[PDB]
Each structure stands twice: as C-alpha cells, then as structure tokens.
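Novice:
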Amino acid sequence: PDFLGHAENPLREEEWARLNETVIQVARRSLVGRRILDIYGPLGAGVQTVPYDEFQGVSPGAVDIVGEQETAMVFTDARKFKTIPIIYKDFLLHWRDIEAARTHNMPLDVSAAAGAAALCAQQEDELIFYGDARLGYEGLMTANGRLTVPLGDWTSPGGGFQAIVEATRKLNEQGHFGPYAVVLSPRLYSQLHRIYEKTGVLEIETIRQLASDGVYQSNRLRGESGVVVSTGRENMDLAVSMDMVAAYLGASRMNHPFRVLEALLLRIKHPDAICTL
Amino acid sequence: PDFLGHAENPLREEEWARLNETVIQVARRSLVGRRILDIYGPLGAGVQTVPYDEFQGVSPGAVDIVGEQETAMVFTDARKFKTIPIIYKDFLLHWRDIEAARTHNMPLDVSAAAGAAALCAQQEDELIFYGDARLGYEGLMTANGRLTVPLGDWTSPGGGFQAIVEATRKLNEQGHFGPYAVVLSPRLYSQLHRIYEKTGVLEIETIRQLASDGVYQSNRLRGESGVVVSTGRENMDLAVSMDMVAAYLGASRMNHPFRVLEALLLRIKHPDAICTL
Amino acid sequence: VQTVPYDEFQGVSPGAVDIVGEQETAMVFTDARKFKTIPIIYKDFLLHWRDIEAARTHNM
Amino acid sequence: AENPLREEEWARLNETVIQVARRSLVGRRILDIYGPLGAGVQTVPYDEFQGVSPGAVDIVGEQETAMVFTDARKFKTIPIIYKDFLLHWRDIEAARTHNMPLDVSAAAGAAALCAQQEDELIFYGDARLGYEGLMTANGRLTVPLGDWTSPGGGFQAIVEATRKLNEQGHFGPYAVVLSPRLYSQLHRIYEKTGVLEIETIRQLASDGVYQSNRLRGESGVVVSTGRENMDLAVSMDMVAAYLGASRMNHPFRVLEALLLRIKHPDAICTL
Amino acid sequence: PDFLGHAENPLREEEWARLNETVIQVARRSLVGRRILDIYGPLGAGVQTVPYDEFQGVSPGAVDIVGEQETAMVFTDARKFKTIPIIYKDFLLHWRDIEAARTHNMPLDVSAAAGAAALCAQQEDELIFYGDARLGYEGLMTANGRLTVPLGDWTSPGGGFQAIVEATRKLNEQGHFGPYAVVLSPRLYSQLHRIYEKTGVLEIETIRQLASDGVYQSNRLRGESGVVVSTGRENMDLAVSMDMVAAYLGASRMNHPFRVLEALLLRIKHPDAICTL
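Protein chains in written order, with this note's numbering: chain A, 1 to 277; chain B, 1001 to 1277; chain C, 2001 to 2060; chain D, 3001 to 3271; chain E, 4001 to 4277.
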C-alpha cells in the first residue's frame, strides 16, 4: 500500500481531478496578464522553441477596380526563434491526508495546491511584465522602443488622465490605434480613486471609457509605473506550450511532493503598441 | 511534396479554416464602419455593379377611411449603377512553418494573416469615410449636400454638445429624424473626456443618451472632423459582393503568399442624413 | 468527521523559472499541524401537533 | 503554372545533383550526421562543454559529485542554403524530339556552388548571422604551424597538436584537414628512409588526411572524428525543387539545410 | 495519463541499447590501463572482496634427475584481502528532450552520456596509475619497490633510448624478465616521437621493438614521468567486478539523472615488475 513506496502515482482519478481543478481555478483568479493577451493554442509538451516573429512592418493597402496595386505583403522583419522557458512551483502532502481522505474526509484537502498555484501565477505575471536578463527575454516595461512619456504631475486632479491622453496621442502618431488597455501599479491605481474636492466624476470611469478594454491593477509591476497597450493580435501574443498542470516528483521521506508547471513565453509582435513612464 | 511546387493549394482544410477564422475575427474587431451600417446581403463574386439608387424623395403619406389619396410612391431620383471596387492586402508564409505545423507546432502560426487583415480593415474604413476621386466615389465627409455646421468653440465645457444639438436641429429641419449616431475623430473624442472643474457629468454620457446608437471613434477620419448620421436603412447601405476571404497567389521563391480580399461599396441612398464640420 | 486539519500560519516561496527547469525552491507544506475540532451550531422550534393535522385536510 | 518534367528527366537531374554533391563534399567524410530530421524542424539543441567534474569519487557506496549537463541550454536555427538556375521550354522540347541529352550543365553548376558554400560554412561560420567556425571557434587550442618548408616539418606540428589534444583528455582516432598548398607541398617524400611524409602523418592520424581548397593559404586543423564531440544536423539532403514557371521559362532551386553543432570544442587545433 | 510521475525506466528498449553501446565504445576508446594489463574475468555484482597475494618470491625453478627440489613458494603470515571500489558520473537528461524524441524531432541526444563515461574512465585510469590514500590503495608510480632509475638525459637528439635500456637492465637484475610494456606521459611521449635518432629512424620504432608490447600514452600521468612493466599475469592483474554500464538513479525535479558504474581493483601480486623515474 503506502509502504511499498515510490509508486508510479499515489493519487486516484478523483484526487487528480480535484488538484487540477483547484490549480486552474486559482490561476484564472489571480492572472491579470492572460486577460489582455490572446493566447496561442496549446502547442504541446515537446515544443521548446516558437517563431518569435516580427519587429515592424507597414503596407497601407490600396483598392482599385481591376485589383492591381502591388503593395508588399507584411512577411517578417527577421526570424529569431526564442526558446520557451518553464514556470513552476511545488507543494507537499502528508501521506495520511491522502489516507484519511479515503475514509474520513471524502474530499481531499489540497490547500497547499492553491498556495503553490498563486505563487506560480505571480511569477508568471512577473515574467510577462518584466524580463530577467538571464535569458535575454523582453518585458513590457523593459522592451526597447517603448515610447516613454513623462507623466509625473499627480496628486492634483487637474491632470492624470492627460498622461493617458498623451499616451494615446503617441500611439496614434506611430499609426497604431485600436481597443486600448491600461495596466497600472497599485500606488497609482489607488491614487486614481481619489475623491478630492470638486469631485464631479472620478477619473477611473473616464479612463475606463477611454480605454474600452478595462483598466487593470497588478502588484507584480513596480511601485511607480504604468502601461498602455493595444489588445489585438499581431501586436502581442502568448505562446502556451502547456497550461497549469500538477505533476509528481517521486516520494521523499514517505511524504508526497508535487509540482505545478506551465510553459509560457510572451512574444511582442509589434513593439510599438507600448507606452510606459 | 513541397518540391513539385506550384500546387493548386498548399494548405489543408484545417489550416484554411484557421486562416479564415483569424481574418474574420480581426476584421470584426477593427471595423467601425460596419457597426452603424446595415449590410446588403452577399451578392456573390460575379456581381461587379449595384444599383446606386437614390438622391432624394418625399411622400408624406395620408390616411382616410376609404383608402384613396393618390400619393406618389418613392421610386428613384435616377439610376446611376456604380461599380464595386475591391479592397485587398497580402501576406507571406515561409513554407517551413507550414511543414513544422504538421509535426511540431500543431496549430499553424498565422500572425501575418492578422497583420494583413488589420490593414485591410483600415483601408476599407478609409474607403467608407472618404472617397478617392480616382473612381468618382462618394464619402461621408466628401458627399455633396452635407449640411455643414460651424462647430469650433471647444476647449470650454460650456458648449461642445451644442454642436451636436445644432446638428440634430439641422437634420430635423430637413425632415429626417431617427436613431442618431456620431463618429468622431480622436483629437475630439479624447477632448470630450475632459474632466475640467465644475465637472458634474462628462459630456460623453449626455451625447451617448442623445444619440442612442453609440458614439464611436475611428483613427482613419481626419484630425479635426466628426459626423452625425441616421443609422436606418433607406439612408445608407453597404453593398457586399464578398466578405473577408483569404486566397492564394501561386508560390513565389518556394514561399507561399496569400491575399485577403473583400468587395465593398458604400451607397448613401439619402445624402441628407449627414452632418459634418 | 469532528476534526479538520487546521493547517497553516505562514509560508513563502517566490518561485523562479529557467529553461532547464531546476531552481530548488522549497514547497509550501505547512507551518505545523494543529487539528482543531468542529463545533456545532443549532437552534430549535416547535409545532402544535394540530397544524400538522390541519395541514393534511384544510391548509395543504 | 504546371509541372515540367517527367520521371526520367527528373531522375537524371537528381542523380547529377547527388553526384556533384558526393564528389565535392569534404565535410561529410570527416563528421557524422544527425539523422535526417525532415524539413519540418528548424531548431536543434546545442553543446555541453567545460563539464569539469572528475567524477572519480571512487568510494564504496557513493558520494554526491556534480552531474554533467549542458553548460547553458539554448538553441540555434538551422540555415537554408540554395542555388537557383533556369531552363528554357524550347530546350526541353528539343531534348524531347530532336536529341535526347537534356543538358543539365546549369544543375551541375548550381550543385557545385551550393556545395562550396556549404563547405565554407562548415569551415567558417557566417559572422553576420553569427555561428561557430572551425578556424574561428572559441577555445581552439592554437598551435604554431610555422617553420615549415623544412625537412622535419608538418610532423613536428601534428605531434604537438596531438599532445595538446591528449593533454586536454580528448583523444581517439584523429583526422586532419589541410589547405591544398600544404597538402600538395607536404609531399617531402624523404622523412628519412622511404615513406611519404604525408603517409606517416596519415599513419599518425589513422582517419585520413584530407584537403579542402576552401581553406586559406597556410591553415589546417586536426579533430577527433567521433560523434558526441562534433555533429552535423541535417534537415534535408541536397535536392532540386521547382519554383514555378515564369514567362514560360522554368526556374529551379537546389536546396540543402545543414548546421554543425560543435558539442565539445576541445578537439581543435589551428595555426 | 502521461509522462509526469516518478515512474520506473523512462527510456524504451532501443534507447537503452544505444546508451549502453555509447558507454561501451567510449570506454574502449578512452581506456589505456586495460590494454597494458589483463583482467581477471567479470566476477559479478556481488563480489566485494578479492584476494591480494603477499609479495615477491626469489625462488626459481630447478631441474634434477629425480624431482627433489621441493620448489617452495609459500605465503607467510596473512592474505590481507581488499575491497573493490566504484566510480560514477551523472546524466542530467531533460524530460522535454525525451518527450520531443517520441512524437517530434527524434535524434535522442546522449552527448552527456559519452562525456560522463569519458570522465569516469579518466578517473578509473587515475586510480590504476595513482592510488588514493583515503582508501589506502597502491599506485604504479607510488607503490613500494619501484626500482627507481633517473632519466636526466632527454631534450637531446637521442637521449631517450638508454633510459629504457637501463630500466630493462634493472628489471632483469631482479630475475624478472619478459615482454615489457611502457606507458609515458603526453609531452614525454611526443618528445620521444621526434626526428631520426641520427642512427636510423624515429626512436619510438626502436623502443617498440625493444619493449615487445607497445609504448602507450597516458594524459592522466604527471608531467615528466613514465613506467615500464612486465605484461604477464602472476605479476599484476585487474580484478573486475562489473564493467561499465549506465543505470537509472532516480527522478530529479522533473528530469532523469543516470549513473555509469564499473568496479575495478588492481592487484600488484609482484611489485618487482614496476619501474619509474
């Protein structure tokens, strides 16, 4: 039973199902990056490299009756073929909870799984919003060509939104408009909620109407920064080799450790739809 | 296989389906003109001319018990029979991604298709909102008899909406009222969002209630213009010979180029439900 | 069941990512088991033995 | 807009390309290839190196010494090398009715150019794209190949190169590649008694001493021929494909997809 | 229902065969010790101890008309058994590489296998040529009774022959002669391999004719030393318990590390057939 040890997999079908459901649910709850990024289809476990494709491109496109104008198609700047990293965390079970949960407490206790999945999602969000320079990866606030805008004039309601207005203007000058989105640091997301005298309407609602794809808040982003993006495809993507899955790590000291895994890579196909501080 | 070259069509059924789905989705995301214009049914590929029908017409219509009042039916001003142009863009595939995507990366990479479809939709929106004078076509801000109204008094909240009020008044004087709509340039759409002191309620909400068919923003329109329209049929239409479809262009240099096509023509059946700057 | 594993008090493992998949971050297991006991919350009410009888003929 | 040639002429074209390849490839006789992976793949894993872990623990039971693995996992993109030529429709018709050679001299020229480009790639990485070159590798163990044009010449340099390989704990059946100038001029037949100096070098190397005119004037290398030290990842062998008729003249393109991955850059010597 | 888990052997049959072939062949390439010596056959895994016979014997045979010599050669006091150590390395193989080699790109890479086995064989040759004091073993250049002889004459055109001549004379002085075999350090071997000795051809040919069992090269020896020995049995031996083979240690974080095993012990049954600097 539990003495032979190093069995292929301890848990049963139902317990695997509960573990996977819990990690999926906590991931969906705590992820902010995956809410404004269209995901690539799940490629598979084997794939380790994806075609990190574009840097630029423009072909205004023309129309005429016959159908002959000879406009060069947008193919690619130059292939780069980045490699897909892996994001993981790990938790533990006490080899008796698995045994108690077959007679006494029928639904197995998996709170450690949620605790691990929250940290995994935090690390993944940090990966999307920031590179690490140990793999040459690129981040939303670290990408080259970010169209920085000096936005420090806050603590006065007579402004603040004008920073995002200027961000939209800069995004428009580069010929790139669409459904915008904003991700802001807590130290400024809270500051937006201010109810200073001569209130009228809070700036958050105006910004929400101006963005039309939701203003989001994420703790992983640094204390004094915020970004504006264009949510569509062909500007950003999310290569997903495999989603949150819980796997086994053998049995150490007769307990049971597990690891939550996913293979994600952010590829920005158009590093022009970016604005920062 | 890939060496015989110049095959009839490289891709398989699934890859064609993904290409078409991607172009449809990006078109629906990036189109603003097709959201306030009821479309004519898809006529077919062969059709190249449509009955660009009306310029005017009025028959107040009367009622009496017997049913005899002899009011002339609205038939047509004069037939014109404009010709349907074609709007297209084109992209490329590297003949190995199509090969890798059958063993390694099961969902084929089609980011270039989205990049092309966005530009195609931009050009189509420019066609609706502006003519080109190389085909004698008519545009929303170029049509003759536009009921222009001097609207430059902005940067002060004590106004701005009154321009649209005057636009509605002018549309009413010509005996044409209904569910209104507004399409505004970014330089003024952002200006509406202003939170100048003595805020109360932002002008955008009041304008939205006044229009009752949504105030929209489009970058293709010029920097200092905006229009008010009546969304119903019998005033505007959209002849659609065929929607976004991706077609093949042979194989050049052993790669694979494709073209996104649609055949669209705007016909304004009543160039009185127009207001501009 | 009358006892449940009242489990944690703390725990942190920032979690790291690398290409190969080897960083050795300690999993969040538990501070120390405590095993609290499940109380019971109850109230009580009354019926007049005729309402139960009336409610089979008069007031369904 | 069609497909030009039938089976016989296609086979003749392919055979000519294969023959010129197998004649002109010098790298394929010194490095063994990772099996043809198909046209699908475009990336491959890469080297492991300076795994300094003696592993000589030599204790009953066992210690916990460090395992050997890739020093830094990363990938490389397999290039594509191609040459394009042309054929005339009237030429095909003539070869179909009047005479029947179907001249394929252009195909032979294309294959020769492709093979020369490939060999230059193996012996010199493309600096612009950025790869690893046998004479430009990092950690090359340079040895002065000078003071030649002497009675005791190339032998004194090859023995030094072999002792530098062996000192680095990397030995086996070696192979040598020399520039044509030396590989001809090295025939200083008199070592002392009767045996060609190149012959005694070949006895010392035991896996041939080849020449490749692509090298520079006064350069040459010696390597360890086994696998797990050097490799040649192939995606598809040299083959001719059709680019589609244009203006009724049929173009063509000969393709090859190669990339060498020097796993253990300790088997190198140069000038 | 997939690769995840702490299961038993991940590698399929043919993959195991390729791993075993690789380790065997790289061992055969990298072993110099097991050519000068000769091995007591494979005893098996279980045998942890082997006899270690006492020391020299100056007792020769004799011939008489009627056998009465009694030809005694008897071990005196004990037998001082010894134990057979083990040598090993690591095989950190990624799980994604194994996964790719199943339904995708499939040249299963075992470069780490060859590297680790080469390191293991290098350590083993270091063991034969140099004992380690921690286990209290004896090495050929650090045994007792090496019959030292100075060299002090190389770097000359022909000052290498007389060194081995003197070594052979000293080795025959102890009444211990036979087919000699020489092992030399790298730089010493190359220097010996120099130009004609001014009295014929390359010195190594004469040295090889004099030795009658070859002159071998060992990088693992120190800078400026070398040995000559008597290749026969009844003088030296290499007790083998089990030859090089790769076995599965366990499951790492998610990878699979292996370990290469071989159990060898040298027995200098007659420390008279050793000569050094």
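We put the beta carbon where it would ideally sit given N, CA and C, even for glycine.
Buried or exposed for residue 3338/D, going by 16 or more other Cβ atoms inside 10 Å?
Specialist: Residue 3338/D is absent from the structure shown; chain D starts at 3001 and stops at 3271.
Novice: Considering only the alpha carbon of each residue, which of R3261/D, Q3211/D, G3169/D, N3213/D lies closest to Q4217/E?
Specialist: The residue labelled residue 4217/E in the question sits at position 217 within the fifth sequence. Cα-wise, what sits closest to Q4217/E is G3169/D.
Novice: Below 8 Å between beta carbons: does that hold for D3032/D and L4127/E?
Specialist: Mapped onto the fourth sequence, residue 3032/D falls at position 32. Mapped onto the fifth sequence, residue 4127/E falls at position 127. Cβ atoms of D3032/D and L4127/E: not closer than 8 Å.
Novice: Just list the residues that DSSP pairs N3249/D with in beta bridges.
Specialist: Counted from its first residue, the fourth sequence places residue 3249/D at position 249. Note: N3249/D sits in a beta bridge opposite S3246/D.
Novice: Can you check whether the CB of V3254/D is closer than 8 Å to the CB of residue 2949/D?
Specialist: As displayed, chain D neither begins before 3001 nor continues past 3271, which places residue 2949/D out of reach and without an answer.
Novice: For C3269/D, does the three-state DSSP call read helix, strand or coil?
Specialist: One-based indexing of the fourth sequence puts residue 3269/D at position 269. DSSP places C3269/D in coil when its eight states are reduced to three.
Novice: Strictly below 8 Å CB to CB, what residues from chain C border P257/A?
Specialist: The sequence position of residue 257/A within the first sequence is 257, counting from 1. Ordered by position in chain C, the residues that pass the 8 Å Cβ test against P257/A are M2027.
Novice: Does the distance from the C-beta atom of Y52/A to that of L238/A stay below 8 Å?
Specialist: On the first sequence, residue 52/A is found 52 positions in, with the first residue counted as 1. On the first sequence, residue 238/A is found 238 positions in, with the first residue counted as 1. No, the Cβ-Cβ distance between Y52/A and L238/A is not below 8 Å.
Novice: Return yes when the Cβ of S3179/D is within less than 8 Å of the Cβ of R3140/D, no when it is not.
Specialist: For the purposes of this step, residue 3140/D is taken as the residue at position 140 of the fourth sequence. For the purposes of this step, residue 3179/D is taken as the residue at position 179 of the fourth sequence. Cβ distance not < 8 Å, so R3140/D and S3179/D don't count as in contact.
Novice: Excluding the 5 residues flanking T22/A on each side, which residues of the same chain have their C-beta closer than 6 Å to its C-beta?
Specialist: Position 22 of the first sequence, counted from the first residue, corresponds to residue 22/A. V110, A113, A114, listed in sequence order.
Novice: Can a CB atom of chain A be found closer than 8 Å to the CB of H4006/E?
Specialist: By one-based count along the fifth sequence, residue 4006/E stands at place 6. Yes, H4006/E lies at the interface with chain A (some Cβ there is under 8 Å from its Cβ).
Novice: Take every Cβ of the segment 1202 to 1209 of chain B, pair it with every Cβ of the segment 1224 to 1244 of chain B, and state whether three or more of those distances are shorter than 8 Å.
Specialist: Three or more Cβ pairs closer than 8 Å define a contact, and the segment 1202 to 1209 of chain B falls short of that threshold against the segment 1224 to 1244 of chain B.
Novice: Taking Cβ-Cβ distances shorter than 7 Å, what residues in chain C pair up with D109/A?
Specialist: Taking the first sequence and counting its residues from 1, the one referred to as residue 109/A is at position 109. Listed by position along chain C, the residues whose Cβ is nearer than 7 Å to that of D109/A are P2005.
Novice: By a C-beta neighbour count over all protein chains shown, 10 Å radius and 16 as the cutoff for buried, is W3089/D buried or exposed?
Specialist: For this step, residue 3089/D is matched to residue 89 along the fourth sequence. Result: exposed.
Novice: Assuming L4264/E contacts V4240/E under a Cβ cut-off of 8 Å, what Cβ separation, rounded to an integer in Å, is found between them?
Specialist: Sequence index remark: in the fifth sequence, residue 4264/E carries index 264 (1-based). Sequence index remark: in the fifth sequence, residue 4240/E carries index 240 (1-based). 6 Å between Cβ atoms; contact.
Novice: Going by other Cβ atoms of all chains shown within 10 Å of its Cβ, with 16 needed for buried, is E8/A buried or exposed?
Specialist: As a position in the first sequence, residue 8/A is number 8, starting the count at 1. That one is exposed.
Novice: At least one CB of chain D closer than 8 Å to the CB of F55/A: is that the case?
Specialist: Residue numbering aside, residue 55/A sits at position 55 when the first sequence is read from its first letter. Answer no: the Cβ-Cβ gap between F55/A and chain D never drops below 8 Å.
Novice: Would you mind reading off the limits of the beta strand (DSSP E) that contains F75/A?
Specialist: Sequence index remark: in the first sequence, residue 75/A carries index 75 (1-based). Run containing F75/A: none; DSSP gives neither H nor E here.
Novice: Kindly indicate which three-state DSSP category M3230/D falls into: helix, strand or coil?
Specialist: Within the fourth sequence, residue 3230/D is the residue found at index 230, counting from 1. Here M3230/D sits in coil by DSSP.
Novice: Is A1045/B helix, strand or coil when you go by DSSP?
Specialist: The residue you call residue 1045/B lines up with position 45 of the second sequence. Coil at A1045/B, not helix or strand.
Novice: Distance, Cα to Cα, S4252/E vs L249/A?
Specialist: Start at 1 with the first residue of the fifth sequence, and residue 4252/E comes out as number 252. Start at 1 with the first residue of the first sequence, and residue 249/A comes out as number 249. For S4252/E and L249/A, the distance between alpha carbons rounds to 7 Å.
Novice: Pick out whichever of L3145/D, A3175/D, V3052/D has its Cα sitting closest to the Cα of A3066/D.
Specialist: Translated into the one-based positions of the fourth sequence, residue 3066/D becomes position 66. Cα-wise, what sits closest to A3066/D is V3052/D.
Novice: Just verifying my parser: in three-state terms, what is the DSSP assignment at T4022/E?
Specialist: Residue numbering aside, residue 4022/E sits at position 22 when the fifth sequence is read from its first letter. Three-state result, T4022/E: helix.
Novice: Under three-state DSSP, which class holds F4129/E?
Specialist: Taking the first residue of the fifth sequence as position 1, residue 4129/E is located at position 129. It is helical.
Novice: Measuring CB to CB, does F1091/B end up less than 8 Å from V74/A?
Specialist: As a first step, residue 1091/B must be located in the second sequence, where it is residue number 91. As a first step, residue 74/A must be located in the first sequence, where it is residue number 74. Contact flag set, yes.
Novice: Tell me the DSSP secondary structure of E4262/E in three-state form.
Specialist: Translated into positions along the fifth sequence, residue 4262/E becomes position 262. Looking at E4262/E - three-state DSSP - the assignment turns out to be strand.
Novice: For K3076/D, count neighbouring Cβ atoms within 10 angstroms of its own Cβ and tell me buried if that reaches 16, exposed if not.
Specialist: Within the fourth sequence, numbered from 1, the residue matching residue 3076/D stands at position 76. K3076/D is buried by the Cβ-count criterion.
Novice: Can you check whether the CB of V4229/E is closer than 8 Å to the CB of residue 4279/E?
Specialist: Outside the shown range of chain E, which is 4001 to 4277, sits residue 4279/E, and nothing can be said about it.
Novice: By how many angstroms is the C-alpha of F4055/E removed from the C-alpha of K3164/D?
Specialist: To locate residue 3164/D, count along the fourth sequence from 1; it is residue 164. To locate residue 4055/E, count along the fifth sequence from 1; it is residue 55. Distance between the alpha carbons of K3164/D and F4055/E: 39 Å.
Novice: Is it true that the CB of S4212/E sits closer than 8 Å to the CB of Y4180/E?
Specialist: Within the fifth sequence, numbered from 1, the residue matching residue 4180/E stands at position 180. Within the fifth sequence, numbered from 1, the residue matching residue 4212/E stands at position 212. Judged by their CB atoms, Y4180/E and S4212/E are nearer to each other than the 8 Å cut-off.
Novice: Within 10 angstroms of its Cβ, does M254/A collect 16 or more other Cβ (buried), or is it exposed?
Specialist: Position 254 of the first sequence, counted from the first residue, corresponds to residue 254/A. Exposed, because fewer than 16 other Cβ atoms sit within 10 Å of the Cβ of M254/A.
Novice: Give every residue of the same chain whose Cβ lies closer than 7 Å to the Cβ of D4243/E, excluding the five residues on either side of it in the sequence, and list them in chain order.
Specialist: Counting from one through the fifth sequence, the residue named residue 4243/E turns up at place 243. Close CB contacts of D4243/E within its chain, under the 7 Å cut and outside five residues either way in sequence, are with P4042, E4262 (chain order).
Novice: Along the chain, where does the alpha helix (DSSP H) that runs through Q162/A open and close?
Specialist: Reading the first sequence from its first residue, position 162 is the one you call residue 162/A. Per DSSP, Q162/A belongs to the alpha helix (DSSP H) from 161 to 173.
Novice: Report the partner residues of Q3211/D according to the DSSP bridge assignment.
Specialist: As a position in the fourth sequence, residue 3211/D is number 211, starting the count at 1. In DSSP, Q3211/D forms a bridge with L3178/D.
Novice: DSSP three-state label for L4119/E, please.
Specialist: Looking up residue 4119/E in the fifth sequence gives position 119. It is helical.
Novice: Could you say which of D1097/B, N1219/B, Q1025/B lies nearest to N172/A if we only look at CA atoms?
Specialist: For the purposes of this step, residue 172/A is taken as residue 172 along the first sequence, with counting starting at 1. Looking at the Cα atoms, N1219/B is the closest of the given residues.
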